[PDB]
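S.K.: My structure is in structure_30.cif, and what it holds is mmCIF, C-alpha atoms; chains and numbers go by the auth columns:
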data_run
loop_
_atom_site.group_PDB
_atom_site.id
_atom_site.type_symbol
_atom_site.label_atom_id
_atom_site.label_comp_id
_atom_site.label_asym_id
_atom_site.label_seq_id
_atom_site.Cartn_x
_atom_site.Cartn_y
_atom_site.Cartn_z
_atom_site.B_iso_or_equiv
_atom_site.auth_seq_id
_atom_site.auth_asym_id
ATOM 1 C CA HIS A 1 0.000 0.000 0.000 0.00 10 A
ATOM 2 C CA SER A 2 1.269 3.394 -1.163 0.00 11 A
ATOM 3 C CA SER A 3 -1.645 5.383 -0.065 0.00 12 A
ATOM 4 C CA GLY A 4 -0.799 6.828 3.418 0.00 13 A
ATOM 5 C CA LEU A 5 -3.913 4.722 4.345 0.00 14 A
ATOM 6 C CA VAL A 6 -3.956 3.901 8.061 0.00 15 A
ATOM 7 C CA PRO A 7 -6.363 1.557 9.830 0.00 16 A
ATOM 8 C CA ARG A 8 -8.712 3.706 11.896 0.00 17 A
ATOM 9 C CA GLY A 9 -8.066 3.356 15.659 0.00 18 A
ATOM 10 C CA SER A 10 -11.421 4.515 17.046 0.00 19 A
ATOM 11 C CA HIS A 11 -14.840 2.886 17.044 0.00 20 A
ATOM 12 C CA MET A 12 -16.425 5.995 15.478 0.00 21 A
ATOM 13 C CA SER A 13 -15.203 8.360 12.796 0.00 22 A
ATOM 14 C CA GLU A 14 -12.295 10.449 14.020 0.00 23 A
ATOM 15 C CA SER A 15 -13.025 13.361 11.712 0.00 24 A
ATOM 16 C CA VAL A 16 -16.296 14.559 10.111 0.00 25 A
ATOM 17 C CA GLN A 17 -17.266 12.584 7.048 0.00 26 A
ATOM 18 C CA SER A 18 -19.720 13.194 4.235 0.00 27 A
ATOM 19 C CA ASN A 19 -22.531 11.445 6.172 0.00 28 A
ATOM 20 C CA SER A 20 -21.619 12.114 9.768 0.00 29 A
ATOM 21 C CA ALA A 21 -23.986 13.144 12.538 0.00 30 A
ATOM 22 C CA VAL A 22 -22.158 15.833 14.490 0.00 31 A
ATOM 23 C CA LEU A 23 -23.034 17.208 17.925 0.00 32 A
ATOM 24 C CA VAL A 24 -21.940 20.809 18.040 0.00 33 A
ATOM 25 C CA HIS A 25 -22.015 24.045 19.893 0.00 34 A
ATOM 26 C CA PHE A 26 -22.527 27.002 17.571 0.00 35 A
ATOM 27 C CA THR A 27 -23.276 30.677 17.278 0.00 36 A
ATOM 28 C CA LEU A 28 -24.541 32.226 14.096 0.00 37 A
ATOM 29 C CA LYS A 29 -24.219 36.019 13.806 0.00 38 A
ATOM 30 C CA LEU A 30 -25.364 38.584 11.172 0.00 39 A
ATOM 31 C CA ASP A 31 -23.317 41.412 9.637 0.00 40 A
ATOM 32 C CA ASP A 32 -24.560 43.832 12.337 0.00 41 A
ATOM 33 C CA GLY A 33 -23.118 41.627 15.066 0.00 42 A
ATOM 34 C CA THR A 34 -26.425 40.273 16.323 0.00 43 A
ATOM 35 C CA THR A 35 -26.837 36.674 17.247 0.00 44 A
ATOM 36 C CA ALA A 36 -29.438 34.906 15.064 0.00 45 A
ATOM 37 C CA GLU A 37 -29.088 31.451 16.652 0.00 46 A
ATOM 38 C CA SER A 38 -26.893 29.941 19.354 0.00 47 A
ATOM 39 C CA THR A 39 -26.771 26.627 21.123 0.00 48 A
ATOM 40 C CA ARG A 40 -26.276 28.684 24.322 0.00 49 A
ATOM 41 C CA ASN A 41 -29.618 30.407 23.590 0.00 50 A
ATOM 42 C CA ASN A 42 -31.326 27.071 22.793 0.00 51 A
ATOM 43 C CA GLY A 43 -30.124 25.572 26.083 0.00 52 A
ATOM 44 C CA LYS A 44 -28.424 22.486 24.479 0.00 53 A
ATOM 45 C CA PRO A 45 -26.061 21.299 21.698 0.00 54 A
ATOM 46 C CA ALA A 46 -27.278 20.843 18.154 0.00 55 A
ATOM 47 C CA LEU A 47 -27.135 17.842 15.925 0.00 56 A
ATOM 48 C CA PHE A 48 -25.779 18.687 12.400 0.00 57 A
ATOM 49 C CA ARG A 49 -26.282 15.864 9.952 0.00 58 A
ATOM 50 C CA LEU A 50 -24.147 15.953 6.764 0.00 59 A
ATOM 51 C CA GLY A 51 -25.264 14.370 3.510 0.00 60 A
ATOM 52 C CA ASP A 52 -29.036 14.682 3.606 0.00 61 A
ATOM 53 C CA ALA A 53 -29.516 18.296 2.402 0.00 62 A
ATOM 54 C CA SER A 54 -30.368 19.518 5.895 0.00 63 A
ATOM 55 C CA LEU A 55 -27.226 21.696 5.889 0.00 64 A
ATOM 56 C CA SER A 56 -26.017 23.872 3.099 0.00 65 A
ATOM 57 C CA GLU A 57 -23.171 22.529 1.057 0.00 66 A
ATOM 58 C CA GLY A 58 -21.126 25.573 2.167 0.00 67 A
ATOM 59 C CA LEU A 59 -21.559 24.665 5.851 0.00 68 A
ATOM 60 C CA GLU A 60 -20.840 21.021 5.128 0.00 69 A
ATOM 61 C CA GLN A 61 -17.602 21.948 3.393 0.00 70 A
ATOM 62 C CA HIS A 62 -16.363 23.750 6.564 0.00 71 A
ATOM 63 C CA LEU A 63 -17.369 20.800 8.833 0.00 72 A
ATOM 64 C CA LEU A 64 -15.632 18.039 6.710 0.00 73 A
ATOM 65 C CA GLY A 65 -12.381 16.944 8.286 0.00 74 A
ATOM 66 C CA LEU A 66 -12.970 18.524 11.728 0.00 75 A
ATOM 67 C CA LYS A 67 -12.145 16.442 14.758 0.00 76 A
ATOM 68 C CA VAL A 68 -13.707 16.410 18.250 0.00 77 A
ATOM 69 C CA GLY A 69 -12.483 19.548 20.110 0.00 78 A
ATOM 70 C CA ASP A 70 -11.910 21.554 16.947 0.00 79 A
ATOM 71 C CA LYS A 71 -13.406 25.068 16.852 0.00 80 A
ATOM 72 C CA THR A 72 -13.860 26.907 13.591 0.00 81 A
ATOM 73 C CA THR A 73 -15.027 30.427 12.802 0.00 82 A
ATOM 74 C CA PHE A 74 -15.936 31.395 9.237 0.00 83 A
ATOM 75 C CA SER A 75 -18.379 33.444 7.200 0.00 84 A
ATOM 76 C CA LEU A 76 -20.682 32.359 4.305 0.00 85 A
ATOM 77 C CA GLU A 77 -22.376 34.527 1.712 0.00 86 A
ATOM 78 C CA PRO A 78 -25.989 33.631 0.834 0.00 87 A
ATOM 79 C CA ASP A 79 -25.242 31.363 -2.106 0.00 88 A
ATOM 80 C CA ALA A 80 -23.253 29.061 0.242 0.00 89 A
ATOM 81 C CA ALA A 81 -25.517 29.676 3.256 0.00 90 A
ATOM 82 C CA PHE A 82 -29.290 29.968 3.161 0.00 91 A
ATOM 83 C CA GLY A 83 -29.642 31.372 -0.354 0.00 92 A
ATOM 84 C CA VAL A 84 -31.206 34.563 -1.536 0.00 93 A
ATOM 85 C CA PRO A 85 -34.869 35.238 -0.889 0.00 94 A
ATOM 86 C CA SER A 86 -37.332 34.352 -3.625 0.00 95 A
ATOM 87 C CA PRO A 87 -40.500 36.240 -4.527 0.00 96 A
ATOM 88 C CA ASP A 88 -42.094 32.845 -5.161 0.00 97 A
ATOM 89 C CA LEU A 89 -42.140 32.181 -1.426 0.00 98 A
ATOM 90 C CA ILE A 90 -44.336 35.198 -0.768 0.00 99 A
ATOM 91 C CA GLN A 91 -47.855 33.938 -0.621 0.00 100 A
ATOM 92 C CA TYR A 92 -51.394 35.199 -0.074 0.00 101 A
ATOM 93 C CA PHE A 93 -53.996 34.008 2.450 0.00 102 A
ATOM 94 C CA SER A 94 -57.511 35.092 3.266 0.00 103 A
ATOM 95 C CA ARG A 95 -58.074 36.417 6.758 0.00 104 A
ATOM 96 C CA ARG A 96 -60.738 33.707 7.262 0.00 105 A
ATOM 97 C CA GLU A 97 -58.037 30.956 6.856 0.00 106 A
ATOM 98 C CA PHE A 98 -56.748 32.087 10.271 0.00 107 A
ATOM 99 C CA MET A 99 -60.115 31.490 11.933 0.00 108 A
ATOM 100 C CA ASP A 100 -58.547 28.940 14.388 0.00 109 A
ATOM 101 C CA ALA A 101 -54.913 29.912 14.280 0.00 110 A
ATOM 102 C CA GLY A 102 -54.676 33.273 15.994 0.00 111 A
ATOM 103 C CA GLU A 103 -55.086 36.807 14.719 0.00 112 A
ATOM 104 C CA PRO A 104 -52.461 37.712 12.096 0.00 113 A
ATOM 105 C CA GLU A 105 -50.281 40.602 13.277 0.00 114 A
ATOM 106 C CA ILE A 106 -47.618 42.370 11.214 0.00 115 A
ATOM 107 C CA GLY A 107 -44.159 40.851 11.585 0.00 116 A
ATOM 108 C CA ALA A 108 -45.479 37.829 13.618 0.00 117 A
ATOM 109 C CA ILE A 109 -44.057 34.370 12.862 0.00 118 A
ATOM 110 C CA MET A 110 -46.916 31.899 12.483 0.00 119 A
ATOM 111 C CA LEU A 111 -46.742 28.148 11.903 0.00 120 A
ATOM 112 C CA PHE A 112 -48.403 26.575 8.879 0.00 121 A
ATOM 113 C CA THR A 113 -49.100 22.904 8.065 0.00 122 A
ATOM 114 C CA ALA A 114 -47.872 21.671 4.633 0.00 123 A
ATOM 115 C CA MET A 115 -49.595 18.980 2.589 0.00 124 A
ATOM 116 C CA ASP A 116 -47.430 16.242 4.082 0.00 125 A
ATOM 117 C CA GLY A 117 -48.192 17.521 7.609 0.00 126 A
ATOM 118 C CA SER A 118 -44.743 19.051 8.260 0.00 127 A
ATOM 119 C CA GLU A 119 -44.833 22.531 9.720 0.00 128 A
ATOM 120 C CA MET A 120 -43.273 25.628 8.273 0.00 129 A
ATOM 121 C CA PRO A 121 -42.999 29.098 9.788 0.00 130 A
ATOM 122 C CA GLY A 122 -44.094 32.108 7.781 0.00 131 A
ATOM 123 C CA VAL A 123 -43.751 35.792 8.650 0.00 132 A
ATOM 124 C CA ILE A 124 -46.817 38.071 8.269 0.00 133 A
ATOM 125 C CA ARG A 125 -45.583 40.773 5.726 0.00 134 A
ATOM 126 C CA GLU A 126 -48.840 42.696 4.990 0.00 135 A
ATOM 127 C CA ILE A 127 -52.339 42.810 6.257 0.00 136 A
ATOM 128 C CA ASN A 128 -54.862 44.503 4.046 0.00 137 A
ATOM 129 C CA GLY A 129 -58.432 43.728 4.790 0.00 138 A
ATOM 130 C CA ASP A 130 -59.176 40.147 3.953 0.00 139 A
ATOM 131 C CA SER A 131 -55.726 39.744 2.230 0.00 140 A
ATOM 132 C CA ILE A 132 -52.815 38.473 4.399 0.00 141 A
ATOM 133 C CA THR A 133 -49.313 38.327 2.759 0.00 142 A
ATOM 134 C CA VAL A 134 -46.937 35.712 4.281 0.00 143 A
ATOM 135 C CA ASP A 135 -43.210 35.233 3.570 0.00 144 A
ATOM 136 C CA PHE A 136 -42.027 31.598 3.748 0.00 145 A
ATOM 137 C CA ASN A 137 -38.382 32.328 2.846 0.00 146 A
ATOM 138 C CA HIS A 138 -35.801 31.021 5.216 0.00 147 A
ATOM 139 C CA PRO A 139 -35.334 33.589 7.978 0.00 148 A
ATOM 140 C CA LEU A 140 -31.656 34.005 7.114 0.00 149 A
ATOM 141 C CA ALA A 141 -32.188 34.126 3.312 0.00 150 A
ATOM 142 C CA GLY A 142 -30.076 36.987 1.824 0.00 151 A
ATOM 143 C CA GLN A 143 -27.828 37.354 4.843 0.00 152 A
ATOM 144 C CA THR A 144 -24.100 36.840 5.072 0.00 153 A
ATOM 145 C CA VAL A 145 -23.734 34.617 8.117 0.00 154 A
ATOM 146 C CA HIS A 146 -20.865 34.288 10.620 0.00 155 A
ATOM 147 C CA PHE A 147 -20.451 30.881 12.219 0.00 156 A
ATOM 148 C CA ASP A 148 -18.531 29.839 15.282 0.00 157 A
ATOM 149 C CA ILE A 149 -18.749 26.018 15.626 0.00 158 A
ATOM 150 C CA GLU A 150 -17.164 23.585 18.068 0.00 159 A
ATOM 151 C CA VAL A 151 -17.298 19.816 17.353 0.00 160 A
ATOM 152 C CA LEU A 152 -18.430 17.902 20.497 0.00 161 A
ATOM 153 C CA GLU A 153 -19.005 14.406 19.163 0.00 162 A
ATOM 154 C CA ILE A 154 -19.179 12.513 15.914 0.00 163 A
ATOM 155 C CA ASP A 155 -21.823 9.799 15.375 0.00 164 A
ATOM 156 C CA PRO A 156 -23.086 9.640 18.985 0.00 165 A
ATOM 157 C CA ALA A 157 -24.327 6.175 19.881 0.00 166 A
ATOM 158 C CA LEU A 158 -27.818 5.235 21.116 0.00 167 A
ATOM 159 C CA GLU A 159 -27.962 4.728 24.836 0.00 168 A
ATOM 160 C CA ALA A 160 -29.246 1.601 26.572 0.00 169 A
#
Mind converting the file's structure to structure tokens?
M.R.:
Amino acid sequence: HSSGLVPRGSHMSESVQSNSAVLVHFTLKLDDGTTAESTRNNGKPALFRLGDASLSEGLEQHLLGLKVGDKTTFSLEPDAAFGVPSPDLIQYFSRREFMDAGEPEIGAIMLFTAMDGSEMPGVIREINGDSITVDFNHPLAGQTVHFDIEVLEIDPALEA
């Protein structure tokens, strides 16, 4: 063998792979310095799963190769992060469709049920009589995002 290939010592991956589940701490900040999301704020670490389109490819590319205990800080522009916002994700509802959901209020985040029963938040953008405008774009669409990520564990095992 001429590869530099080495049998892996550990029972689990030693560095993040294309399909790893990764327990992390993270902070995600916007250009103005505000914190959009933090594991501190959530109260607990997050599970980042590579290889199933739950993460952007740009985030995945910065996680690949990291080992437990590694910290990385980096920024992503929208095309590598949460994309730019699309006018197609602005949608129109009748006020009566909110009959059981709560009064629409400008700027509120409301939850909506999709056809397959998964839930999606939407932000109330306009209220004009019977017509309610809702924006379903990702909340961080269009933003440059600043990540600070620390790898806690790779492929955590089920507990007995």
S.K.: Using all atoms listed in the file, pick whichever of A:24, A:108, A:54, A:63 has the shortest atom-to-atom distance to residue 36 of chain A.
M.R.: A:54
S.K.: If the PyMOL selection byres ((chain A and resi 98) around 12) is run on the structure shown, which residues does it catch, given as a ChimeraX atom specification?
M.R.: /A:93-97,99-101,129-132,134,142-148,150
S.K.: Provide the atom CA of residue 162 of chain A to atom CA of residue 77 of chain A distance in Å, to one decimal place.
M.R.: 5.7 Å
S.K.: What does the structure give for the distance between atom CA of residue 34 of chain A and atom CA of residue 151 of chain A, in Å to one decimal?
M.R.: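 A separation of 23.6 Å between them.
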S.K.: Hey, can you check how far atom CA of residue 65 of chain A sits from atom CA of residue 42 of chain A?
M.R.: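 Result for atom CA of residue 65 of chain A versus atom CA of residue 42 of chain A: 21.6 Å, one decimal.
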S.K.: Taking the file as I've supplied it (selection: the PyMOL selection byres ((chain A and resi 46) around 7)), which residues are included? Please answer as a PyMOL selection string.
M.R.: chain A and resi 36-37+44-45+47-48
S.K.: Smallest atom-to-atom distance to residue 72 of chain A: which of A:50, A:115, A:35, A:153, using only C-alpha atoms?
M.R.: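 Checking each of A:50, A:115, A:35, A:153 against residue 72 of chain A, counting only C-alpha atoms, the winner is A:35.
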S.K.: Quick one: 4 Å padding each side, axis-aligned, all listed atoms of segment 21-33 of chain A - centre and edge lengths in Å to one decimal, as AutoDock Vina command-line options?
M.R.:
--center_x -18.1 --center_y 13.4 --center_z 11.1 --size_x 19.7 --size_y 22.8 --size_z 21.8
S.K.: Going by the chain IDs and residue numbers used in this file, which residues fall under the PyMOL selection byres ((chain A and resi 59) around 9)? Write them as a list in words.
M.R.: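 That expression, the PyMOL selection byres ((chain A and resi 59) around 9), corresponds here to residues 25, 26, 27, 28, 29, 30, 31, 57, 58, 60, 61, 62, 63, 64, 65, 66, 69, 72 and 73 of chain A.
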